[PDB]
Structure formats: C-alpha cells, structure tokens
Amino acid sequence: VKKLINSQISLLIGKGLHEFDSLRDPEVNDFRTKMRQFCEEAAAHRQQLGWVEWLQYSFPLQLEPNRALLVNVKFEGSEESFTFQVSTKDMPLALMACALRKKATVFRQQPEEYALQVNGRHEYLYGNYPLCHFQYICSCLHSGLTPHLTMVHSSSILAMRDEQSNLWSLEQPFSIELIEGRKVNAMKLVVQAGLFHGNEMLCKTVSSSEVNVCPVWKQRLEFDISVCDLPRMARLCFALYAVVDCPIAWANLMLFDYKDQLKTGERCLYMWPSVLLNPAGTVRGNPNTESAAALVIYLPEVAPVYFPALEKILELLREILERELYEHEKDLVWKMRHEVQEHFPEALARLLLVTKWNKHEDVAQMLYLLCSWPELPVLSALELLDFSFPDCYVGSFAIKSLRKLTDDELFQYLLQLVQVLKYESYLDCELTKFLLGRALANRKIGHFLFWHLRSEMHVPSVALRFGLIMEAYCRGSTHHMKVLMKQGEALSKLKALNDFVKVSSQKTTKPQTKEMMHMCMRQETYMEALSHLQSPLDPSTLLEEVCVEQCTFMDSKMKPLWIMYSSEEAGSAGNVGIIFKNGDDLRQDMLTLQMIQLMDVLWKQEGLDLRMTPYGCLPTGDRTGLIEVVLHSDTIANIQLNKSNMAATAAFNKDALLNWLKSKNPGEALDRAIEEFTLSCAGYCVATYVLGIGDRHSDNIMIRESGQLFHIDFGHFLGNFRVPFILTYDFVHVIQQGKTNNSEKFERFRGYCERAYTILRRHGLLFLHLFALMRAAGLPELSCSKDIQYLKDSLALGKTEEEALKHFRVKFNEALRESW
C-alpha cells in the first residue's frame, strides 16, 4: 500500500527514495524521520479542522490589497440558476441568504452552512468581507462580466476533506593536515584555505606549498584562531588553483556536525568546479565521485567535544551613526550593546555585524542580549535571513519574528525564503520546518513551495536538500502529491510535444507542424494527460478540456507552445491559456514579474491601481517553465504592422495604436481604454526604470484590447544590456487622446509616474532586502554588489523625498527629449 506512495514520490520529485538510503548518511536519515513525523502531525490537525478552516486551507481567500451588480447563483444538484441585483458592499452571507430565499419559493419550502464557489475554479467566497473585496468580483467589475457562483453546503466541503485523508578548555590554535588530491590541470598547485562565519573571515587566509601539477602535500595548516574560539556555524573553505593565476575547484565544510559535535578526523572533499575563495557555496560535496576532484584533509583529535548548550552560553554620536563604518564606530556599538537592545531594537543587524565571532566571550554576551531581544518587524527579520547573519541562534530569532507573516505576505516572499535554503548549513533547520509547516497549513503555499523546489532538482548542489523537503511535504499530503503528479504528467507530455514541434519546424511549413501537433495531441495518452489538472501557474485555475484546434506554437527560436483550455462549468472564466517554453531559464523573468506584482500591491494599498498585468510565469524544471496567457492582447509590433482590409487602417504609423483601440473600444467605450493605457504605461514606465529593464522594443511590450499596456521577455534587468527612463511618441500620442497638444492629459500622466515612484521609494529597503536574499539563486545578472547598487541608485535611497523627486523629473524630461 505505502510502497506505491513511495514509488509515486520518487517519480514526482525526480529522484528515487532508494538514492537517499544508498548514501547511508545519518543526517539524511534523521531529517527524514523527524520531518515525516512533523509533516504527519500537520496532516492530522488538518483532518480535524472545521469545515470553514478547511476552506482557508484548500482554497485560501484571494482578497484585493457602493454600486450595484448582477450576480448569477446556482446550487450543486441542479442546472437552475438565479440572477440577482446585489451590491458591491454586500457580505457573501446576504447573497447566500437570497439564494436560499429564492430556492425556497421555487421549491415551495440557514446561510451560515454555505460557501460560494467560483464556477469551475478552486476559489471560494466566504468571510466578513464585502463582495468588492474579492479579486474575482473586481475582475468581473472591471471587465463587466457576470460572477457565476455555486452554493456549496458544509457537508459537500467535508466530503472533499474526508476523500483527501492520508568547550573553553581547548585554547590551542585551530589546525588541519592537507594530505593529497586527484584532479586535472596544465605550473604548480597551491591550496588556499580559510575560516569563515558567513561573509566574514574568522582569521587570515593561510595557503599551501606550491606542489607540482603532476598531487601530495601532507602539510600542517594552522590558523590565527583558538579552538575554543570557533563559532558554532564555523565554515572551513578551500580553494585549488594553478599558478606559475588560475582557479580549478572549491569546497567548504562545517567544523561541527548536525549533532553539534566538532568533526574528527579524516575527510574526503569532492570539490565543485571553479569560475577567489567561495564562503557562500554549499558545505556538501560534489555528488559526481567519478569526475570530481577530491581533497583529503585531517581533522586532528583534541580528546568528544560538543558546542556548549544554550544554558552554558547564557551563563557566559551614537544616534548620528545609526543612519560600512570605521573601527572606532564599531567599538562604540559593542560598548553600547545594552542601549541598542533597550532603545534601538531594529539596530540589531548593525550590532550583530560589529560583534567579534572569533571570540566566544563576545558571541555569548550578544546571545544573552538576543535571547531577551524583542521581536523585530517583518522587514527587519527579512534582512536577518541573508548569508551576512549565519548564526543559528540569529537564524532561529528571524523565523520567530517571521511567524507573524500573513499567508498573503509569505506568498510574496516565498521565492526569497526558498533561495535562502541554499545558504543553509544543515538539512534540519528552523526555516525548512517553517516552510513545510506553512505549506501544510495552506495548499497555495504548499503548491508553490513544491514547484520552487522541483524546478531545481536538476541542479546537483540543491538536489538532495530539495528532494528531501518535497518528500517530507508529500508525507503531509498524499492527495496533493497525486494532484501534483497530474501536473507533472501534463508537463511530461508537453516537453515531448515541444520536441516534435522543434524538429518539424526545421523540416516543414508551419500549417504542417500545427496539424501534426494536433494529431499527436488527439492521441488517448495526450488527451487524458493534458486534461483536467490544476494550473501549475495558479492551483485555483482549473485547466479542464484541452482545446486542441485552438492550440498552436510560436515562431521564436525555442518554438513555445500555445495551449488553450475550456471548461463547461466556468464558461468564460474557464477559457484559459498557458505557454510552455523549454530552452530558456525563466527564473529572472519570474523574479521581475514578482517584483512588478509587489509594486502593484504597494500601489494598490495606497489607493492607486495603475492597471498592471502581472501574468504568471513559473519555472517547473530544467530550462522548462509555463507562462500565463494574457487573452485578448497583442504586441505593439503586430498592431504596428498595419494590415490591409482591417478596421485599424492607419495613414501614419503613430495612429496604428489608437486606431486599434478605436476598433476594440467602439463609441463611449474608448474613453476608458485611454485611461487604462495611461495608468498602465505610467506603471510600467516606473517599473522598468526602477528595475532597469533594457532591450525594450515593440516585440516585447503588449496591449490588451481593454487598453492596458504591459511588458513581456524580462531576460535583462538591473541595466544589464545604467538604463535611462523610457518614453515613446507612439504612447504619448495615445495619452494625449490622439491630439498633437494636450498637456492636461500629459501632466496628469506625469503625476501618475511621480506618485508611483514616491510610493516605491518608501519601500526601497523592501526591494533591497528581497534582492539581497535573491543573490543565493545564482542569477548571472544578480551575482554581486554592483547589481543591488542599480536599485539603490534608481530608487535614490541615499537622498531625501524632495531631492529624489527633482532628480527623477530630470530623468523623465531627458526621456521626453529623446522622444523623437
């Protein structure tokens, strides 16, 4: 029975569970036993949750960050629907009451026993919120479409739930013995070593003797640090390089084990290929024992030595600087450490960075303060997750403060909280426990954590950790694992179909490839596999029947697939599409869209909706991911082609954009589209300036028929070809209602840019903490300090709001002066 569940996890996580046993590692084995138990306890509490608490799990409320409307409501066991005239200020309960009252008159004879499902979607409408607070209601309000909802009784929700049940004495200096190696390079081999506590050295780097390219050393490597002065999270970093300078390989390893004991004696280090000394890199060796270079080293015995328990640890001009600092300034903060705890709690990061981690006496005093430190705000806790703060006690304190994250906030920073797992030193961590816990408490987080892990199973350095986490997750939800398997089955078929599409395009005409895509899709295995699955881009979006005749592929290099769906129940909300792309890395594209989505959220909170189109984009595997189709939209380029026998017949190229709008928004409807275009253009002007998105042209900027402008292809960001502000006459013409001179409309638009820019600037540090946590991903255009600096400069965070708004107008006018 459980053998199949074991076999299913294996196929789903892309790694056989036998591989975890083969290693014969007590860290892997104890992670698996503990996590499985923690995950089963989380699945248990979930099986005894009240029917509303289950809705908050399976279907978490999609709520937005007066005027009456028509709402079509039906029940389960019938096709009979009723169309009401409810208000946007109405709670769902009142609508639930009307549905029950109108059911009573039809059937000739309580709303607290119901939930309003969104037709053909895993989304529901419940809670003490007026209808206009629900994202589905607002999407129906702007598009003028009618909300189709189903009355789902408590027992029918409980049916779902039931059918888804599962020490100070060692004063000697720290030393090692560098024995021999087994590598490849064409010169002499020097092995530089070093001791690290995060980004910083605990003592000066000590090198090896230049031994011939042919390698044996047997050398003694002593460090400028005491054995009792090694912090718990001490990292020993190595670097193999050839010289007559050229790097070869790198390896790191913790001086303490997962059981807190100091490591002894012989250790073989399967090194990772190099591009100086890399302290950020993984403390687990290269899994390719066949082609990897090795480093045998000795950890000399000093006897069993365990790091002291917290009980033994606990037993042992100021304001003007608190807004990169000199040694006298550092000494001040450490002297004033108690006054920091008491009156400046948010300064903890600056106090943690000044403490001497190379002295056990210092660390303990700091830890005594930390154990009595008040909870920091979410923003302050997000800063503490960086590699800059490696201490376990610090790491735990950050999670302790992060527990007040709303499931909404957690979903906005999950990509960063997953990347941060790469910085980890051991498999068993409070971050994993947290991520897993929240994943098992909320299925949307459960879904997205999985895909963020699964999309990296091909990267050897993180394959064990991630594979292990996904396995632990799968223990806490047998049902969801089965649902995630259907997603993997669709994606498996999609890659095979794409592979054919790629070959056929190199051999025949497009209508010929398109018809055989269809033939291949119409097969039993493809028809079943690609149908009735929760979208990997949004688990609430149900990709029901695959609309094969409406499926094509794109002419761009990697021949992306256009997969259109339809649902009877959902009707028009069921008419959804997904773009499968295979060959490019969708990580930056996703991060950029997420950063845009956040900007929209920060703006929407301050009552400003700049009509942004933050379409889904999710990497699912090796250079494989999905893109959300923005239906009823086309590229500026295609609209500018100006085809004959159309309604968009333009005399001048400038008119093409506005003529297009005029045909898609007839009569009075056009006035709306121009405000849509102005608001979205303003938003994307700021977004792309702040983020530094370059290589913009008509082929990667799109328009919705609604008027809404948006951007695609974010392969380049942070000015990586200092990019200027962007302004095109084709857009200014549209903003100015199609008139040569209309400054009333243009100066209102100049306001939209300024306001959006100032709101973002107020959360500059949020973008700074999120990007600094992202560095863990290994994104080539987000690899160092120079990259974070682009954001610091585009957001002018080292200047006041007045000095920044003037400096912005300067960039805005120079973008307007370049506009023809």
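Note that residue numbering follows the sequence shown and begins at 1. Definition used throughout: the rigid core is the maximal C-alpha set that superposes within 1.5 Å between two forms.
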Hey, after superposing on the core, which one moves around more in 9 other deposited structures of this protein, 176-184 or 261-269, CA-wise? 176-184
Between 445-453 and 738-746, report the one with more C-alpha displacement in 9 other deposited structures of this protein relative to this form after a rigid core superposition. 738-746
Is it the case that at least a third of the other compared entries omit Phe721, given both of its neighbours are modelled there? yes
Please report whether at least a third of the other compared entries leave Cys214 without coordinates. yes
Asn653 preceded by how many uncoordinated deposited residues after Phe652: none
Unmodelled deposited residues between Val275 and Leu276, binned: 4 to 9
Taking the deposited Cα B-factors and averaging over 540-548 and over 232-240, the higher mean is found in 232-240
Look up the CA B-factors in the entry and say which stretch, 142-150 or 625-633, has the higher mean. 142-150
Maximum C-alpha temperature factor per the entry, among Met521, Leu321, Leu405, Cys681, belongs to which one? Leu321
Maximum C-alpha temperature factor, selected from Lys204, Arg704, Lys581, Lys557: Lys204
Within this chain, which third does the Cα B-factor at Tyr426 fall in: lowest, middle or highest? lowest
Taking the chain's C-alpha temperature factors as the reference, tell me which third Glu471 falls into: lowest, middle or highest. lowest
Lowest, middle or highest third: where is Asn66 by Cα B-factor in its chain? highest
According to the PDB entry, is the CA B factor of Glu676 in the bottom, middle or top third of its chain, that is, lowest, middle or highest? lowest
Going by the entry, which third of its chain does the Cα temperature factor of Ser794 land in? middle
